[PDB]
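Peer 1: model the structure of this input:
(one chain, ligands or ions: 1)
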Amino acid sequence: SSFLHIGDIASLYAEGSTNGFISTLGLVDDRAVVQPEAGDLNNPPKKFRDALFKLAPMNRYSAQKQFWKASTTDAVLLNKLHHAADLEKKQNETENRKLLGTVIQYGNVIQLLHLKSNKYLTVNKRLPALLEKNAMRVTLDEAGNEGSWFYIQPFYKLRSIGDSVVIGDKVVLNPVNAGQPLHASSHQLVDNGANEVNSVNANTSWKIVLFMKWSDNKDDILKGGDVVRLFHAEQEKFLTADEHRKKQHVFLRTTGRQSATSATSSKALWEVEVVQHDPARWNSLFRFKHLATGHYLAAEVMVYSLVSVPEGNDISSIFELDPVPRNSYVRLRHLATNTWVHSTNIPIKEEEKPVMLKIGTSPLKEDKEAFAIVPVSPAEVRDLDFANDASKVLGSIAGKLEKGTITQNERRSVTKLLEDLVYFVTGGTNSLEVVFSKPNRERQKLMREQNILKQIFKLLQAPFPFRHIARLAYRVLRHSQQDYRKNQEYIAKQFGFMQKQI
Ligand SMILES: O=P(O)(O)O[C@@H]1[C@H](O)[C@H](O)[C@@H](OP(=O)(O)O)[C@H](OP(=O)(O)O)[C@H]1O
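Peer 2: Numbers count the residues shown, from 1 in each chain. I have put the structure below:
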């Protein structure tokens, strides 16, 4: 019939006493859950981009595990030991590419890679779980290890070991050595209607719901869920979505640089929706979800004009393309109205020499009004993500301590976070006993444009114990303004509202 393969991207739907898709709480918190009322089979989850896993072959963790004994006075042995762990780490890559597309058989030993987080689902053999007492702590480690090996074995005996894994099949994922099989909990988390998944012998069956077949040539083809910017040919501007006069507007943004492709911005990024029937994987139609906010793109009331819509369902949010390949230069057409996108010069307004030029549409098909489908790096997408996290972590904490007390569990994570931010913004140099400390521009223009910095200030403040909070945030500030003349101006203005207490 139809089988599962190495490379297929699927979701895993629990079918025990608790049901749900496995998912993360983000790129800050390394825990795995089934949010049961978030989505079923019939009604798929809202942020279903987070319940997607790739099926990976068995990874090699021998020389890499050796190297994780940094028990040594000697340096050359350490450089010896690492060189292996890097050779091995690349030997995996070589081989896993060969095993691409091969049918998984029951009782092979695959790893399950989380797409959105890019971490490996992992049993930690020598731990308790956090919410459940007996069960082992299943986490998401980045590089993986021996406890990320899983025997994929059949739940009901309708099929058996050796037999090829068909789509939909209920399986038990069982760790190779790490002990007990994966199990979706009966315990809701303290903070989130979210059940903690862990490793303990229980009668949970995992439904394998295929999303995208192992045929997604990239970066080679535009397919659903790619993140791209839409640059303008003639106007030389990126399609952007932000607010003006408290109103969300879609526009081409005016730049003041000597390079048009350099004007890169997070608010310019869009997720692709290669429209399907069942929620799954050049002749059919597309919807553009604004990677920052979550709202989609549509043209309503030139007969029409492009603006954001809060939900991507209405037949307005759907577009068509005209000359699919990566980095294509297309002319896009609005379906429900049959019109060709067009850019204007009347901007939005109160500003002196503004930047937000309005975009509408026209029944006349042009030639110059072409948009470049500039592919965004997957890493950059995760930077928006690992930063959006920081905004909502401090979103709760700076709200929680602004009107009372926080728990002893919260300090330990925000202090952790404010350490992670230091490790991020300097492109993984700084952190403690340092050696060097040199900044990163992407993350800077991201500390700001995603309001990490806005949070920091609305955190320090207790208006009308800290030895590792303030001025820890101020060391983060100290980093994010480095040689950055625009961020300097921002932190100077933000410090203007900060002193306003007196
Ligand atoms: O180097 P400076 O003079 O301090 O200012 C930077 C740059 O020269 C532009 O003014 C601006 O890009 P735009 O022209 O596109 O606004 C940019 O913002 P960005 O780096 O956040 O894009 C600033 O950081």
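Peer 1: and this structure, which residues reach the ligand?
Peer 2: Contact residues, the chain versus the ligand (C-beta under 6 Å from any ligand atom): 255-257, 263, 445, 485-486. No exception for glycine: its C-beta is placed from N, CA and C like everyone else's.
Peer 1: which one of those sits closest to residue 121?
Peer 2: Using C-beta to C-beta, residue 445 comes nearest to residue 121 of these, at 32.6 Å.
Peer 1: which of the three states applies to that closest one?
Peer 2: Per DSSP: H, G, I helix; E, B strand; the rest coil, the local secondary structure of residue 445 is helix.
Peer 1: residues in contact with it?
Peer 2: 265-266, 484, 486-487 (C-beta atoms under 8 Å, 6 or more residues apart in numbering).
Peer 1: on that earlier part again, drop anything exposed from the residues of the chain next to the ligand.
Peer 2: Buried members of the residues of the chain next to the ligand, counted by 16 or more other C-beta atoms under 10 Å: 263, 445.
Peer 1: related to what we said a few turns ago, in PyMOL, select just the buried ones from the contacts of residue 445.
Peer 2: In PyMOL syntax, the buried subset of these is picked out as below (16+ other C-beta under 10 Å):
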select buried, resi 265+266+484+487
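Peer 1: now secondary structure too, for the contacts of residue 445, in JSON lines please.
Peer 2: Below are the contacts of residue 445 laid out as JSON lines (three-state DSSP):
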{"residue": "265", "secondary structure": "coil"}
{"residue": "266", "secondary structure": "helix"}
{"residue": "484", "secondary structure": "coil"}
{"residue": "486", "secondary structure": "helix"}
{"residue": "487", "secondary structure": "helix"}
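Peer 1: want to throw the contacts of residue 445 into CSV with distance to residue 456?
Peer 2: CSV is the format used below for the contacts of residue 445 (distance: C-beta to C-beta, whole Å):
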residue, distance to residue 456
265, 21
266, 18
484, 15
486, 17
487, 12
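Peer 1: closest point of the stretch 1-150 of the chain to the ligand, which residue?
Peer 2: residue 27 (22.0 Å; C-beta to the nearest ligand atom).
Peer 1: in helices, which of the residues of the chain next to the ligand fall?
Peer 2: 445, 485-486 (DSSP state H).
Peer 1: list just the nearest of these to residue 184.
Peer 2: Nearest member of those to residue 184, counting by C-beta to C-beta, is residue 445, at 39.7 Å.
Peer 1: report the separation between the closest one and residue 480.
Peer 2: Plainly put, residue 445 is 10 Å away from residue 480 if you go by C-beta to C-beta, to the nearest Å.
Peer 1: who touches both of those two?
Peer 2: residue 487.
Peer 1: picking that back up, roughly how far does the residue nearest to the residue of the stretch 1-150 of the chain closest to the ligand when sequence neighbours are not counted sit from the ligand?
Peer 2: Sequence neighbours aside, residue 386 is the residue nearest to residue 27 in space, at 3.8 Å (criterion: C-beta to C-beta, 6 or more residues apart in numbering). Distance of residue 386 to the ligand, computed by C-beta to the nearest ligand atom, to the nearest Å: 19 Å.
Peer 1: closest residue of the stretch 201-350 of the chain to the ligand?
Peer 2: residue 256 (3.2 Å).
Peer 1: now distance to residue 156 too, for the ones in helices among the residues of the chain next to the ligand, in TSV please.
Peer 2: Formatted as TSV, these follow (distance: C-beta to C-beta, whole Å):
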residue	distance to residue 156
445	53
485	64
486	60
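Peer 1: which of the residues you listed lies closest to residue 187?
Peer 2: Distances from residue 187 to these, taken as C-beta to C-beta, are shortest for residue 445 (40.7 Å).
Peer 1: how about stretch 339-353: buried residues?
Peer 2: 339-343, 347.
Peer 1: mind checking the SS state of the residue of the stretch 1-150 of the chain closest to the ligand?
Peer 2: Residue 27 ends up coil, using three-state DSSP.
Peer 1: tell me the gap between stretch 404-413 and the middle of its chain.
Peer 2: Stretch 404-413 has its C-alpha centroid displaced from the chain centroid by 26 Å (C-alpha atoms, centre = their mean, to the nearest Å).
Peer 1: going by neighbour count, list what's buried in it.
Peer 2: In terms of neighbour count (16+ other C-beta under 10 Å), stretch 404-413 has its buried residues at residue 410.
Peer 1: from residue 56, how far out is the residue lying closest to residue 4 once chain neighbours are set aside?
Peer 2: Nearest residue to residue 4, sequence neighbours excluded (C-beta to C-beta, 6+ apart): residue 165, at 4.5 Å. From residue 165 over to residue 56 the distance is 14 Å, taken as C-beta to C-beta.
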